[PDB]
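These are the residues of each chain, in order.
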Protein chains: 2
Amino acid sequence: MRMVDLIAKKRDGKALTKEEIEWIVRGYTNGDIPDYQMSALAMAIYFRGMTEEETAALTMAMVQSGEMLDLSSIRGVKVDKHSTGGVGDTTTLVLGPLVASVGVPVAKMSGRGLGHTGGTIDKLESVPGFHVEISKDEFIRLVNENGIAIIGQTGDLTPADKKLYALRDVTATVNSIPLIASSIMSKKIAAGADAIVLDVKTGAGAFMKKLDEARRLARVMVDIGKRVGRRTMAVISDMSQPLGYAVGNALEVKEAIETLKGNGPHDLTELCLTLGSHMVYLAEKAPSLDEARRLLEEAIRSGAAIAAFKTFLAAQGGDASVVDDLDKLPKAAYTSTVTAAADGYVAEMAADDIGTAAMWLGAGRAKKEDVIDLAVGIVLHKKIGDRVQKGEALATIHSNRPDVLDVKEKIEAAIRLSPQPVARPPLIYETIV
Amino acid sequence: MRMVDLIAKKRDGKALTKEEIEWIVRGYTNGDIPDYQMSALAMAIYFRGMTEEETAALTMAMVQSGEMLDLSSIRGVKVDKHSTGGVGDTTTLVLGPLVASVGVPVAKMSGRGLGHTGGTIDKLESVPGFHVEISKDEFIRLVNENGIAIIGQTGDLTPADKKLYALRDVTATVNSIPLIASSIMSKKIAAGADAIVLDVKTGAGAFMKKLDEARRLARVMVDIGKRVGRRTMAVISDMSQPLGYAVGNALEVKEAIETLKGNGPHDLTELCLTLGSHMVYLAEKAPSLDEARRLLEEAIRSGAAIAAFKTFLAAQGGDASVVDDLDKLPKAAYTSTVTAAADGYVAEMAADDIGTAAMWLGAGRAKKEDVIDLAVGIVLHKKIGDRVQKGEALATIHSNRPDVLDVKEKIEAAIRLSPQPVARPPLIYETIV
Ligand SMILES: O=c1cc[nH]c(=O)[nH]1
Ligand SMILES: [Ca+2]
Ligand SMILES: [Ca+2]
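Rules behind the numbers
Residues numbered from 1 in each chain as written, not as in the entry; some residues may be left out. Chains lettered and ligands numbered in written order. Heavy atoms only, no water. Residues with missing side-chain atoms left out of burial classes, pairs and counts. UniProt positions renumbered as here; feature names shortened; annotations may be inferred. Helix = DSSP H or I, 4+ residues; strand = E, 2+ residues; numbered from the N terminus. Rg over C-alpha atoms; globule rule 2.2 N^0.38 Å. Contact = heavy atoms within 4.5 Å. Salt bridge = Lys/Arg side-chain N within 4 Å of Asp/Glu carboxyl O. Buried < 20%, exposed > 50% of the residue type's maximum accessible area, 1.4 Å probe, protein only. 1 Å grid on protein atoms, 1.4 Å probe; cavity = no way out; pocket = protein on both sides within 12 Å on 5 of 7 lines; lining within 4 Å. Least-squares fit on C-alpha atoms. Points joined across faces, edges and corners; volume = space filled by probe spheres on them. Nonpolar A, V, L, I, M, F, W, Y, C, P; charged D, E, K, R; others polar. Pairing = 2+ DSSP bridges. Near = heavy atom within 4 Å. Polar contact = N/O pair within 3.5 Å; in protein donor to acceptor, adjacent residues only side chain to side chain. Areas by Shrake-Rupley, 256 points an atom, 1.4 Å probe, with all protein chains shown as cover. Sits in = over half its atoms within 2 Å of the grid points.

In its metadata, the entry names X-ray crystallography as the structure determination method and reports 2.1 Å as the resolution.

For chain A, the PDB entry supplies the name PROTEIN (PYRIMIDINE NUCLEOSIDE PHOSPHORYLASE) and the organism Geobacillus stearothermophilus. This deposition appears in the PDB under the title "THE CRYSTAL STRUCTURE OF PYRIMIDINE NUCLEOSIDE PHOSPHORYLASE IN A CLOSED CONFORMATION". In its Function section, UniProt records this for chain A: "Catalyzes phosphorolysis of the pyrimidine nucleosides uridine, thymidine and 2'-deoxyuridine with the formation of the corresponding pyrimidine base and ribose-1-phosphate." Recorded in UniProt under Subunit, the annotation for chain A is "Homodimer."

A. Layout of the overall build of chain A. The secondary structure content of chain A amounts to 16 helices and 13 strands. A compact globule built from 433 residues should have a C-alpha radius of gyration of about 22 Å, and chain A, at 22 Å, falls within 12% of that. Projected onto its principal axes, the C-alpha positions of chain A cover 65 × 45 × 40 Å. Here the contacts in chain A between residues at least 6 apart in sequence split such that 78% fall between residues at least 24 apart.

B. Region of the structure containing the pattern of salt bridges. Residue and element names in this part refer to chain B. Tallied over the entire structure, the rule returns 60 salt bridges over all chains. With a shortest N-O distance of 2.8 Å, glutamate 54 and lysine 10 are connected by a salt bridge. Taken together, the residues span a long stretch of sequence, with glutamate 54 in helix α4 (residues 52–63) and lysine 10 in helix α1 (residues 3–11) at a distance of 44 residues. With a relative accessible area of 3%, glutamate 54 lands in the buried category.

C. Just the UniProt feature "binding site: K(+)" in chain A, in detail. All names here are of chain A. The residues that UniProt annotates with the feature "binding site: K(+)" are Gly88, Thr90, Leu243, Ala246 and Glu255. Across 168 residues in sequence, these annotated residues keep their C-alpha atoms within 10.9 Å of one another, forming a single compact spot. Lining residues of the second largest cavity, restricted to the annotated ones just named, are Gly88. Position of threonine 90 among the secondary structure elements: in the loop between β1 (79–83) and α5 (91–100). Residue classification places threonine 90 among the buried residues on the basis of a relative accessible area of 1%.

D. Structural view of the relation of the copies chain A and chain B. Overlay of chain A on chain B (RMSD 2.4 Å): rotation 168 degrees, translation along the axis 1.3 Å. Taken as a fraction of all interface residues of chain A, those also at the interface in chain B reach 83%, which identifies the copy contact as same-surface.

E. View of empty space enclosed by the protein. Residue and element names in this part refer to chain B. Size it by volume and the largest cavity reaches roughly 310 Å³. Around the largest cavity sit 25 residues that line it, and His82, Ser83, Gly85, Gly118 and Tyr165 are the ones nearest its centre. Within the residue set of the lining of the largest cavity, elements represented by two or more residues are β1 (79–83), β2 (106–110), α6 (120–124), α8 (159–169) and α9 (177–191). In terms of residue count, α9 provides more of the lining of the largest cavity than any other element does, 4 residues in total. Residue composition of the lining of the largest cavity, by class: 5 nonpolar, 13 polar and 7 charged. If you add up the space inside the second largest cavity, you get close to 150 Å³.

F. Fine view of the sheet that holds strand β12 (residues 415–418) of chain A. Residue and element names in this part refer to chain A. The 3 strands are arranged β10-β8-β12 in an open sheet whose pairing can be described as antiparallel. With partners counted over all chains shown, the strands left at the sheet margins are β10 (387–388) and β12, one partner each. Bridging between strand β8 (residues 344–349) and β10 involves 2 bridges; their strand directions are antiparallel. By the bridge assignment, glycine 344 is partnered in β10 with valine 388.

G. Looking closely at the site of ligand 1. Residues and elements named next belong to chain B. The local shell around ligand 1 consists of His82, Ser83, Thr84, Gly85, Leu114, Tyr165, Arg168, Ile180, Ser183, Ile184, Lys187 and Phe207. Contacts to ligand 1 include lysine 187, whose side-chain N or O atom sits 3.0 Å from an oxygen atom. Taking 240 Å² as the accessible area of ligand 1 by itself, protein coverage stands at 96%. Here ligand 1 is seated within the largest cavity. Where the shell around ligand 1 is concerned, the elements lending two or more residues are β1, α8 and α9. For the shell around ligand 1, the leading source of residues is α9, giving 4 residues. Its residues placed into classes, the shell around ligand 1 shows 5 nonpolar, 5 polar and 2 charged.

Written out as structure tokens, the structure is:
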């Protein structure tokens, strides 16, 4: 068997067999298939794609390259969650503590941000003393003890994916359905959870720009989980504009706290209660989705949700007192606004542009090795559909430097006003079970 | 600039500027741009393509990587020739010494194997001691003192093509009009010859499957040569089946010697006379094509062509005695035969698959650093039109290993049979001047 012949099969739009795919992955991981042949195959896939069966085989071959986490030591159904990537995506910070406050065992690994998309790991680090580099044994202890653990994606699992993603990053082959599906699922399956709830983002701030692309991505990932016995489910949500109002790290943590206390943005709250209901239901902690939601709503109203957040924080080294005293969180020295040109209605608020603007401010990194300024970011004041008056603030920039024209300009490039009322996009497009 | 930003430009269907193209070729050649990024770019070019302008800029960039030769010293019209690649193309081995025997100065650069297609540089290395990498100064001194020279690149001439050619060969990025055109033309330009006769293959065994595709590639190349003051013409020959019988390296050289003596295959002899007469006419060594043709047929019968072949070999270190005794040429330890499943007529033939099978036997490389076997290959016994009976041998395999059921099945699958008679396909289709 020759790698070149297989690249050719893909180039000509033919389907690779499971045996060919397995041969490829192990050869790439062990070094017998050089990067120059893998990069060519990756570009061929970017243009030709894969069948649902091909993508499944690619995923299993990557799972095989590493070790599998045994979480049996934790009794009951363990639930995992994962977003495809977005802007202002505060979800996990709220969802995790919320579902664990009603008894759901949350076993979750996350990643850091890069480019115009944020990372939960980076947001968690804005909390004084929080540790994300947790081992397999520390992880199990945390879940058994508090019912939740959100840690960094510890080396060791799926080495083939770590290698391949790095390659896709320098060859412009990141945004490919087959490569995105197999990347995310290989990690969740290797992580060990019994149930997996996926949040597939669609729009300008996502990898899947078109709705039809998002549907195909959610579908193949759900199918992949069910093939190996995991209880998988997915929602397709809006990312044409940032979720909530805050975009950053310390600012997104403050938004998470206000939401858990019952005073957050309507879209963030609705998304969490919807994703949460599925997590609770799948963990068999409530008879139906309606009962599961009532529990979550009661948990917020009672104060159990915010209590579980503090416990979550302290358990990993976090300074829990930042919850009732937000001022202990990193603060930016400067604040300035972006005002509306004229009266009208917001029609566009491009997530990718807002994402890049935040990154330039210091809330994101251009390359993996870069350090983040945890205090800076952008807080939006209006969303698509909202009426605006000429001279009214549309966004506030939080910075540690007074010269921010490059940021203000990117934010202005994101907005488009209309003289007539605009139709608001749906927060949730569809649910795949 | 950043290579990844350029791969992404081409990936999205945009055209690269002259400056970007030169920057890429420059960086790749000095080693600052890694093979995996270049192979990713080459695959994006395969799907998205390039404009007439982009293709010309690429061609010149690769010429500018080395130095262009000045053949003024040599008196008269110096001629060059090149094929777009095929299966069993022994052409150059016969045609080179043939025309050179009648007074036409030959200054040619060739390449090694490329995908399912053979390479004259590899075929010539089958001859004991034959050097294919002589200095530019020795190249000029050889075309003068002998009136012929066939060498390989990477000798200060087109360093970029040397690299990109080897990479394309093992990454399945060989069949792109802009990569083929720029590869061939950059060599013809850097070589320094006045006239250029191109042999554009069309059919299954070629990169250009349909006539329209082949006509398009001939046009692009002929226009590129004229644009720089070269007498450039092209001929579109058939490759819907291998040329002659032999397919390999040492096996094709033996076919060359047999043809140069007037004992060779009709289709191969014919093609060499067609292309050869064009070379003599453009060199002004004959009043017309027919006179040039009859001048070639005379060099064969007189034995001046074969005597010219021996002188050619010895001039570049080769062993001339190999013509006398084909036993001095590399031989394969094993012999196997492929036979007919039923009686009938050879209708079609997947020539590319027959070329790949030969490469599987070791006639071609699987990775860049690979070492090939010059003794292996395939020898057909039946062609399109011929009548066959069950059990009759269609071909004979030459292997360095006993087990070849993989190769034996690929060849058998490539040769289709039929109940009714079938016409022999035409050797020449068109002529572009
Ligand atoms: O692309 C091609 C094909 C044949 N010969 C070359 O030099 N390049
Ligand atoms: Ca937010
Ligand atoms: Ca031949």
